[PDB]
There are 8 protein chains.
Amino acid sequence: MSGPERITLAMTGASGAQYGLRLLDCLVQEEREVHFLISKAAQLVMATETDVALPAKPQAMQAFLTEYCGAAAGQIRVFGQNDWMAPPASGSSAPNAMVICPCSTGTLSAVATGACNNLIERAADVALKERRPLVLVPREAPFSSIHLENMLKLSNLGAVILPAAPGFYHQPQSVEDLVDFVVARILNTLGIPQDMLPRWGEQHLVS
Amino acid sequence: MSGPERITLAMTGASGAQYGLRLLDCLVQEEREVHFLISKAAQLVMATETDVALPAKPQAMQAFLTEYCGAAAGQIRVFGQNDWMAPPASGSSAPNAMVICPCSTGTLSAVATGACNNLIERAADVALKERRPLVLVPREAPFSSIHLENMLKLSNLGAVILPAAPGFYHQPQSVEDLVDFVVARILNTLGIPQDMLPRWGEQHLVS
Amino acid sequence: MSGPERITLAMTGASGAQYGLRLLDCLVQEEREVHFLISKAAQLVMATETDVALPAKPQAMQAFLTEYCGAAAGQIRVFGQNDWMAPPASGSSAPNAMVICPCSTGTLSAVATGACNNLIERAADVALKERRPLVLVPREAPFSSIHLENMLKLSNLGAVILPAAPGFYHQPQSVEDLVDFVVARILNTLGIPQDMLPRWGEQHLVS
Amino acid sequence: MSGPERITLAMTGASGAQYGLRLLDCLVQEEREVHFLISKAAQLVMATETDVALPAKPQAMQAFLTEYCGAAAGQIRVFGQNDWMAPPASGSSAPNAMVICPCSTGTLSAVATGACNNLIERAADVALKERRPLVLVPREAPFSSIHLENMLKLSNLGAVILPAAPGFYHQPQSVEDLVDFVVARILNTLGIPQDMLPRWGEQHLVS
Amino acid sequence: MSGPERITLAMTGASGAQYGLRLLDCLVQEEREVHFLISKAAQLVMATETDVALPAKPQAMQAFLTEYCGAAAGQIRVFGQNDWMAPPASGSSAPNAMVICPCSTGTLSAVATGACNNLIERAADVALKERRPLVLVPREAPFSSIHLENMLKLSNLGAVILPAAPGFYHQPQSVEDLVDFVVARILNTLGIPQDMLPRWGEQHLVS
Amino acid sequence: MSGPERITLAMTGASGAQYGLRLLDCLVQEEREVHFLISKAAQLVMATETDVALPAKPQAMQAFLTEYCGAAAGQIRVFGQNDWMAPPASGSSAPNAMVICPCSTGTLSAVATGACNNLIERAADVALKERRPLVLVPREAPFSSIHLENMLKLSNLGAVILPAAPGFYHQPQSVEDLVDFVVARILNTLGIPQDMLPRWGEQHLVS
Amino acid sequence: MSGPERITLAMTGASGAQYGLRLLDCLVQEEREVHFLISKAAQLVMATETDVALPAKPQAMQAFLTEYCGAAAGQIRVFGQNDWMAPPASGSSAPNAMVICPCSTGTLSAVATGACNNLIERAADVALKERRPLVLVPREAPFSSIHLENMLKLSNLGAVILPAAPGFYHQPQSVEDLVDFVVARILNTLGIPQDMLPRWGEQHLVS
Amino acid sequence: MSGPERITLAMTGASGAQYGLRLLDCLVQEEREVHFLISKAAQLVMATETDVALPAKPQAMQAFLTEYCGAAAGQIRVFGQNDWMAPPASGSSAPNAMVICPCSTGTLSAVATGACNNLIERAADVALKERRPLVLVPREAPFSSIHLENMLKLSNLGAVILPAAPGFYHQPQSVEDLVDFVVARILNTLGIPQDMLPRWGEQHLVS
Ligand SMILES: Cc1cc2c(cc1C)N(C[C@H](O)[C@H](O)[C@H](O)COP(=O)(O)O)c1[nH]c(=O)[nH]c(=O)c1N2
Ligand SMILES: Cc1cc2c(cc1C)N(C[C@H](O)[C@H](O)[C@H](O)COP(=O)(O)O)c1[nH]c(=O)[nH]c(=O)c1N2
Ligand SMILES: Cc1cc2c(cc1C)N(C[C@H](O)[C@H](O)[C@H](O)COP(=O)(O)O)c1[nH]c(=O)[nH]c(=O)c1N2
Ligand SMILES: Cc1cc2c(cc1C)N(C[C@H](O)[C@H](O)[C@H](O)COP(=O)(O)O)c1[nH]c(=O)[nH]c(=O)c1N2
Ligand SMILES: Cc1cc2c(cc1C)N(C[C@H](O)[C@H](O)[C@H](O)COP(=O)(O)O)c1[nH]c(=O)[nH]c(=O)c1N2
Ligand SMILES: Cc1cc2c(cc1C)N(C[C@H](O)[C@H](O)[C@H](O)COP(=O)(O)O)c1[nH]c(=O)[nH]c(=O)c1N2
Ligand SMILES: Cc1cc2c(cc1C)N(C[C@H](O)[C@H](O)[C@H](O)COP(=O)(O)O)c1[nH]c(=O)[nH]c(=O)c1N2
Ligand SMILES: Cc1cc2c(cc1C)N(C[C@H](O)[C@H](O)[C@H](O)COP(=O)(O)O)c1[nH]c(=O)[nH]c(=O)c1N2
């Protein structure tokens, strides 16, 4: 396969739960192992913005997502917010790429300062110290100077700051076409195949 | 009225022509005077992403937009890319708020460095020196460190960096609901009434 | 009226509960709507430093403060520390000015880094991104370099850092005269009328 | 004794003359030698805010303060604003701790830039170059970014920035209880005994 | 005695519980008063890495450690994570030196930003503002740029960053010899006698 | 194979010769080519801390290490401190990963400033300019601000700063278990297989 | 005694050998233990500028200086430029204050960058990491921006930059009076008694 | 002639009046026009440190210095501290080199901040804006970080920071030989002939 075998997917409490669920579904279809983390505020966002009824405890959640995505047994792992025995908590774990989608401004702040107050924050801290891929998908507007400084610090270090800012150049016709644009970008960044967004200009020889 | 009487609306060559046209339409419905500027690359984007057939020369363009928006005669002014005799070129002009929507990374760069190579860039340079409102609506992903440094420099100065990153917390059902989210934010930032996006929590007394 | 119609008043766990209660009372007398937030540590400070017996749950608290201040029904709203459905949590809310009085060094840190770990921190993050008034009233001594850097970063962005450092130039005769000095400064900063602190030199024509 | 034998106490033209006089009295009661400096603006503040009738010339001033404090002959020395032959002017002097209480924003600026335009400013410049204790007690609100940058620069160098921001956690009952809080902090910082402010938690074993 | 009478010893959730317990034992043998704080994650680390069965509540914990160390009654105080009435919470407390051993990257971050979210973080914030000794003993590898910036900021302020990086120049023969190397360095830094690590070169006159 | 075929292993004069020798042995067992460099001070450290009798001249040294490690003929190359004709001296060489283990503070300084005064320093300078892997394993305590600034500068550029700070979370029972922890981290960072340190949480599915 | 029992005195190759020899003599008369280091260039300077015939090897040098100063046996220790077994090389040594007098611009550079290329440079690196007194006495003119940046970096960390810039305010009558001025300042900085330079203003009561 | 025809020589209140008087005498002997400025504190220093009885008012001072130096009529001009009609006050004046010898730390501060509070400070401000030579001769020890930052800022701009730190490499035999060393350096920097300090190595061909 091209791209990482394992992805840590963390969903935090920005608007855009749809982007996280669609990414999880795409990663499952590409036969990747997903270590799934979700914050308390992100549970509230998913309850507010979607009709997904996500169970709260990790084992129930894991069984639900496995069914939702049509995943294989053990393909999706779910770890709680204080589970320091989970792989993402330590850099001695097997290497994963990590994506925080959506990434709240609070989680962006914790990653930029190194707060490590829960497993999502520590997992990102570990990605940075081990030089493993870290993609943050903020959804906010305006972005204040506090947000922008945190994004710049992390981008300079090598994290990818990929805002949930879909393009329109393929004439999207639904909300799902816009969600898929951003998910396609995340997968492209990870090196994972995707067929939702064409390769710009691939057939253009000259003019 | 609340908010500015005159807005300079510049459209530059990022994806998201729909956001600029919808904003222009909203500003027209709120009886504002609009000084409309559009870059050459933005003309190509609007031809690519929309079915709007925008004439190229300023007088033809002005007549077309006036009809498209149902604007009053003289409500929309159109100025060419090198028209230094137009109001946005000088700080001795009557005060306007300015919005660049969509804002390409190239235009964001020119504003942050002060390049003033065309009327959009000079008009933003003038907004900054006169302390008049300047809102930039970038549409790009990932945002690189070059993009983020330019955004931070401008935000620290007092420009509003408002990415085209729509929220989902009112369960959008179409592309237009997502376009309207971002346009509502721009209007809110300008102080101009809008009824597309509710006031969060306005009826929530306690819990 | 002059000044904002709505103020978000957050009390956090620095010494000086008296300043927050007196400000709340003044804002009520000036017929303003107050969205009142209080941290867990600030509840302990108010229990320690005052004889105010503040109930813990938001509805009981709201009823108590309404009676304490002689407020109109619905004039004081109380929101809990994780209530993301409350107006201060989103920039799509109606605009309010925000004051954190007293502001602990921990809350000052969270605002400067963008931590957003509770509704007070997120509400300040939202004030900054929307360019709405934000006044922080720290009470600490010494101020360390960590405190001072956080204050400078926020002041450079446009927050007002208004320490609880009363002046003596009107020969104060009680603790309340010193509390009123600082509250008068906050109200002056907000643009809200106050008659506790005279306008310096207003009758001085020459010398 | 614990703490310094000699303190240079400079009073400059911020509000809060009471803090300087109370500190002088406490230092006298602790049998310390005080080198007392006072600016022209601080003389005006003491005339405005207190009923202390302080004579203007150094010898008359010295005799007055000696009587006011019940000091021993020669315990309080008074030096004029241009007296470069006084001990605080040179680092070849015997070592003293220095406190500027109250510290105006102008004096804070001079210390941070090294202006040395009078004996107070030079004495602080000398404390810094010799690594002798320097405590600044600003009284201002708001603190602007100019004030905060000057405070941060000096704090990073090792000066203590101790704002006149009294705490309330011992339920103060008078203006004097609040003045004594700040004076207690200064003495604590200097290492000089004081019995006005208890040692927090000293009898708390567990909970 | 040489060195401080009282030490605040905080253990946080980095690997290396052995260093904290050995330091506590050494400080007890040197007849020092210890104010002992431990984070929730550090309790899990001590359960994972050691055979010490540490009770969870502060009074039970205090009684256990008193027996483990052979301490005198009241020599070890234990305070909970939110106990703001404990001495380390306020700079008006009696002066202590503070050591965080081991220091997690999350606690290092909180100290560098001033987050004060629990008593360990606030106690370090207080050490810095009062200029009292603060020694951080991080255990992590690699150290990322986020870790290193937090360490540099604190070191520039005057905190000692003492990594758990034992030397081998006395030919250690057990894990305990390596634990004792680091503990000896901490005690040396505090000015507290220790006989585990010889004074390098003390008998070398020339060569 | 996974990871680099060739590693430049430089040992410099920090304590911890054991880490360098164990790493060399592991790299030999993984059939890697090693270009081995050692400073004069590191020779003294190895004589002081170990019972390894390392010959001083490069050919004798090469023959000794080949026997010590059970290496194949030509698998270990040894180059002298001024050998500019050796592969590590030029970026036109075949690509190698480089590790400095242990890394003295002096060598860390030379790499951060670009001093290139010997082949170890130049080889690191070359790794940086060619963007080849560079891992520094400092062993020092405390780390001063000079050390930390040099580490941050290099980490921001992309070098891995991996302190000799072993973890204890697998209950180490000997000095060798702690040496192996750090060596395992280096090999993990290089992408080279190792079976000394388990993959954290690899069998943990949920909780 | 007041001040340190042991001083590491390093002489490096700036002009002003007289200041180093006079300081060594004063420290001997004050019954201090001196660990004496001298660079190769400083030997040339002492041969050029003085009639002191200093033997080159450490034991001969030690015997010569002992006789020159009238020191007790073992009061002056001499260590060679690569003697890493000497006390100044390690922070596990007994604590000493360190003075580099004169300090060449090259040695100032090495200390500011952390080069540690000889025992003088490492000894200063160790003073900084252990927070032990470090006084640098540069003699150069002009001071370039490279010199000044190195001095500022070190001063901000807590080293004392004490240029060989004698004062004239006691009407010096010989070269020795000017040498003694600077030596008096060094001793004052160290806290060591000296009777060459009076305490400025000590008898001035008022004016 | 080589070097400038006109020099503005300002003496400010650092110790070292001898350097200023000797420089004035040398410039007179080299037939240069000198615009002489002296601060009030520098008058006190010259009264304290020398037997020069300098009259206070500019015309009397001018006549005295003309006689002291054996200058031609009009060769030395003297301007008062507030004389804005004097040539040094404006950059439209004829070009002069400027030297401040000695330069107090207060004058160094004013030049680095641009305070222009008297003619010496404004004259230096004018030298900088016109890119005319500016040489500052500070005499202070220690130099604090405030002094060093002011010196670095000015050196980076192109001012020469030439401390009064005489060399000894020509075996000086009197105070005057040391004064002449520094004066020779100033003249060398200005490009003005001097025969007090030989050209180092001028006759050394090889070795
Ligand atoms: C319905 C809804 C919608 C949003 C939010 C909340 C809720 C309930 N929050 C606020 C955010 O959740 C809050 O600051 C949390 O503290 C973030 O915590 P986590 O980073 O998820 O731990 C939020 N935060 C943000 O950065 N971007 C956003 O778009 C939104 N939108
Ligand atoms: C269809 C299409 C789509 C895009 C673009 C172009 C075209 C033709 N370009 C590139 C952009 O137009 C180019 O960098 C121009 O140089 C921008 O010039 P102006 O800032 O408009 O003068 C572009 N640029 C960007 O910053 N964000 C984007 O989303 C896009 N998308
Ligand atoms: C009685 C009392 C008095 C004080 C405090 C506490 C208590 C109980 N705390 C400490 C502060 O409450 C602690 O750092 C909290 O973590 C702050 O949390 P919040 O910012 O309120 O969420 C405190 N903090 C501070 O910054 N300034 C202060 O004056 C005080 N005084
Ligand atoms: C009655 C009164 C009250 C104040 C002041 C003045 C007077 C007369 N000033 C202004 C201050 O004195 C002025 O900026 C001086 O220039 C300060 O000079 P010194 O620093 O004392 O030399 C003043 N300055 C300040 O920094 N904080 C304050 O609280 C006050 N309050
Ligand atoms: C067994 C074990 C081992 C470690 C950890 C955890 C556990 C359970 N954690 C992670 C750390 O505990 C987590 O980031 C916490 O959030 C730290 O919180 P406190 O700083 O203790 O409040 C951890 N953190 C770190 O900085 N260095 C380390 O060596 C380790 N090792
Ligand atoms: C036995 C022994 C032990 C140590 C040292 C030396 C010796 C002989 N040195 C000092 C170091 O070797 C010295 O600063 C050298 O200048 C480093 O030179 P290289 O970087 O190897 O060229 C040393 N340096 C350091 O950074 N960390 C350490 O742990 C030690 N320990
Ligand atoms: C007679 C004589 C005089 C001086 C010098 C040399 C000699 C031989 N050198 C130059 C200095 O010695 C050279 O840069 C060395 O490299 C410094 O090395 P150390 O720092 O002593 O190891 C010199 N360097 C300096 O910084 N200030 C000075 O005053 C002098 N003067
Ligand atoms: C006898 C004597 C000696 C000195 C001083 C003074 C006196 C009277 N002063 C202090 C300096 O004069 C004071 O800070 C003035 O404010 C400087 O003002 P001018 O820069 O001359 O306007 C002083 N200042 C300094 O920077 N270096 C020094 O060597 C001395 N020495």
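Header lists the method as X-ray crystallography, 1.5 Å.
Cβ atoms here come from the backbone N, Cα and C positions, even for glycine.
Here's what Swiss-Prot has on this protein:
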BINDING   A:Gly13, A:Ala14, A:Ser15, A:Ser39, A:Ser104, A:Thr105, A:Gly106, A:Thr107, A:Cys116, A:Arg139  FMN binding site
BINDING   A:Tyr169, A:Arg185  dimethylallyl phosphate binding site
The record names A:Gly13, A:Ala14, A:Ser15, A:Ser39, A:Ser104, A:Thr105, A:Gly106, A:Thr107, A:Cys116, A:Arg139 as the residues that bind FMN; what is their largest Cα to Cα distance in Å?
22
Return the members of A:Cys116, A:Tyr169, A:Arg185 (the binding-site residues) with CB less than 6 angstroms from at least one atom of ligand 1, or none.
none
Determine the Cβ neighbour count for A:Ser104 (FMN binding site): the number of other Cβ atoms within 10 Å of its Cβ.
27
In the chain carrying A:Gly106 (FMN binding site), residues 6 or more apart in sequence that have Cβ under 8 angstroms from it:
A:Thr12, A:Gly13, A:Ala41
Report, in whole Å, the straight Cα-to-Cα distance of A:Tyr169 (dimethylallyl phosphate binding site) from A:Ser15 (FMN binding site).
23
Binding-site residues in contact range of chain C, given that the Cβ distance is under 8 Å, out of A:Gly13, A:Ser104, A:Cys116:
A:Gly13, A:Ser104
List the residues of the same chain that sit at least 6 positions away from A:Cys116 (FMN binding site) in sequence and have their Cβ under 8 Å from its Cβ, in sequence order, or write 'none'.
A:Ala110, A:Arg122, A:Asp125
Tally every other Cβ atom lying within 10 Å of the Cβ atom of A:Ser15 (FMN binding site).
23
Need the DSSP three-state call for A:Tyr169 (dimethylallyl phosphate binding site) to compare against my parser.
coil
Using DSSP, would you call A:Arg185 (dimethylallyl phosphate binding site) helix, strand or coil?
helix
Length of the line joining the Cα atoms of A:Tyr169 (dimethylallyl phosphate binding site) and A:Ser104 (FMN binding site), in Å:
27
Counting other Cβ atoms within 10 Å, pick out the least crowded of the binding-site residues A:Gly13, A:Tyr169, A:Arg185.
A:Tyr169
Residues among the binding-site residues A:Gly13, A:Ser15, A:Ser104, A:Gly106, A:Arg185 that border ligand 5 - Cβ under 6 angstroms, in sequence order:
none
For A:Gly106 (FMN binding site), what is the secondary structure state per DSSP, taken as helix, strand or coil?
helix
Scan A:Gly13, A:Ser15, A:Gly106, A:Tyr169 for binding-site residues whose C-beta lands under 6 Å from an atom of ligand 2 and note them, or write none.
A:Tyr169
Chain B, Cβ under 8 Å: which of the binding-site residues A:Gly13, A:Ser104, A:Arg185 qualify:
A:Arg185
Tell me whether A:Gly13 (FMN binding site) sits in a helix, a strand or coil according to DSSP.
coil
